[PDB]
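just to be clear, this is only the beginning of the complex, oriented as in the whole thing:
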Amino acid sequence: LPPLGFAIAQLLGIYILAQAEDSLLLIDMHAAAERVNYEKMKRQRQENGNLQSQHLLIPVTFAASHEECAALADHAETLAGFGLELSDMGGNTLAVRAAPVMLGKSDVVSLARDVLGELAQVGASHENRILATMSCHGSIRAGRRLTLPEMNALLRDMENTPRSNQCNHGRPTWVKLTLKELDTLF
């Protein structure tokens, strides 16, 4: 499998550069990972009817605005279907006991807040909150992508996952430079 590229390193915070047969390729990690996460979450939603969940140490100290607690009082079965299981601590606070896998890694409060504030005004009936709203984690925002034996895993983003070239707007998420970057040296 000669892939898109072979990840070689990071680029100052937002790009991941990968060498291939052509040249080094600059993948916008957050954008490409948002695309692939949206794709994988919808593929895992059309099948089995729920997102993959995961628990975790150290719950989050939600702080849970008033009516979001009542939204959790409303059937949390849908919340379990989004991979987010969370519990009430008292007064008007919460804490997530389980976050969906494929995101993790921080700020689970934002994901749970998005879906829980969506639980107001039951009608659901849209299901396109699983997009950038629920994909409001993407990959790592600007910090770290390990020591490379996971960078190639994101470099495998668009293999067997469609909607590659055109992003959520049309902005490219990868290659611009070719082997003929020697012109830049003039």
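Received the coordinates, thanks. Numbers count the residues shown, from 1 in each chain, chains lettered A, B, ... in the order given.

all strands for chain A, in order.
Counting by DSSP state E, chain A has strands at residues A:6-11, A:15-19, A:24-28, A:53-55, A:85-90, A:93-100.

mean neighbour count for those strands - can I get that in a markdown table?
Placement of C-beta: from N, CA and C, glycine included. Shown next, in a markdown table, are the strands of chain A (neighbours: other C-beta atoms under 10 Å):
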| stretch | mean neighbour count |
| --- | --- |
| strand A:6-11 | 17 |
| strand A:15-19 | 19 |
| strand A:24-28 | 21 |
| strand A:53-55 | 13 |
| strand A:85-90 | 15 |
| strand A:93-100 | 20 |
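
now render these as a markdown table, adding distance to residue A:183.
Converted to a markdown table, the strands of chain A look like this (distance: least, C-beta to C-beta, whole Å):
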| stretch | distance to residue A:183 |
| --- | --- |
| strand A:6-11 | 20 |
| strand A:15-19 | 19 |
| strand A:24-28 | 15 |
| strand A:53-55 | 48 |
| strand A:85-90 | 54 |
| strand A:93-100 | 45 |
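
figure out which of those is closest to residue A:180.
strand A:24-28 (12.6 Å; C-beta to C-beta).

can I get the closest one as PDB, trimmed to CA atoms?
Taking Å, rounded to 0.1, in the frame of the first residue of the first chain, the C-alpha atoms of strand A:24-28 are listed here in PDB:
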ATOM      1  CA  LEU A  24       6.400  16.500   1.600                       C
ATOM      2  CA  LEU A  25       2.700  17.100   2.200                       C
ATOM      3  CA  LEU A  26       1.200  19.500   4.700                       C
ATOM      4  CA  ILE A  27      -1.900  18.000   6.200                       C
ATOM      5  CA  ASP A  28      -4.000  20.400   8.300                       C
END
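
and chain B on top of that:
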Amino acid sequence: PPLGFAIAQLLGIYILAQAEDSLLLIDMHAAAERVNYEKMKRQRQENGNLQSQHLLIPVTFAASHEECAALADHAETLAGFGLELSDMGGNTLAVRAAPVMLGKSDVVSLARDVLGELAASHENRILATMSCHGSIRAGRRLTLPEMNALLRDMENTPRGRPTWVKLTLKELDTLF
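Once chain B is put in with the chains from before, the structure reads:
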């Protein structure tokens, strides 16, 4: 652990103890009444009498007329309850000794109960009638160190209102 660890009191009747579950409201007077009842019965079936304690400056009751004759009736029963009392004169009496585990109290009340019961047989006037002292009624609430000792009430003792937990964030429903 278990039953918690006493942290404070609530206005004079409750002692709240912190546990792994939550804080538990113990009715200190009722809990002490139960523990004293159990201790007195345990000290009664064994040794056949309660532990007496002589005290300074005895208290003199009032001693209605037939109660003096009841004292003339065998006082060894009163000594069996840990109550030694003498006649001062006229129609009045005074406890030279009071039972331990009850100590400071309206000792006149305990003596009067056991003496007015002498109007034979029976044994269970050692219950709340003799536990008409319990702990200190609603004050003086000795601090946390001995509060834990009170929290060891049902430890070593079995046995009509319950004397503990209600906190399950039901006060949350009462306030939210």
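
distance of the closest residue to residue A:151 other than its chain neighbours from residue B:168?
Using C-beta to C-beta, 6 or more residues apart in numbering or on different chains and skipping the chain neighbours, the partner closest in space to residue A:151 is residue A:7 (3.5 Å). As for residue A:7, its distance to residue B:168 is 53 Å (criterion: C-beta to C-beta, to the nearest Å).

what about stretch A:119-131, start to end distance?
16 Å (C-alpha to C-alpha, to the nearest Å).

again, but for stretch A:144-160
26 Å.

which residues are contacting that stretch?
With contacts defined as C-beta atoms under 8 Å, 6 or more residues apart in numbering or on different chains, stretch A:144-160 is touched by A:3-10, A:16, A:18, A:27, A:29, A:32-33, A:35-36, A:139, A:164.

how far is that stretch from where the chain is centred?
Offset of stretch A:144-160 from its chain centre (C-alpha atoms, centre = their mean, to the nearest Å): 13 Å.

list the buried residues for it?
A:145, A:151-152, A:154-155, A:157-158 (16 or more other C-beta atoms under 10 Å in any protein chain shown).

again, but for stretch A:159-166
Result for stretch A:159-166 [16+ other C-beta under 10 Å]: buried residues residue A:164.

and that stretch, how far out from the chain's middle?
The answer for stretch A:159-166 is 15 Å, by C-alpha atoms, centre = their mean.
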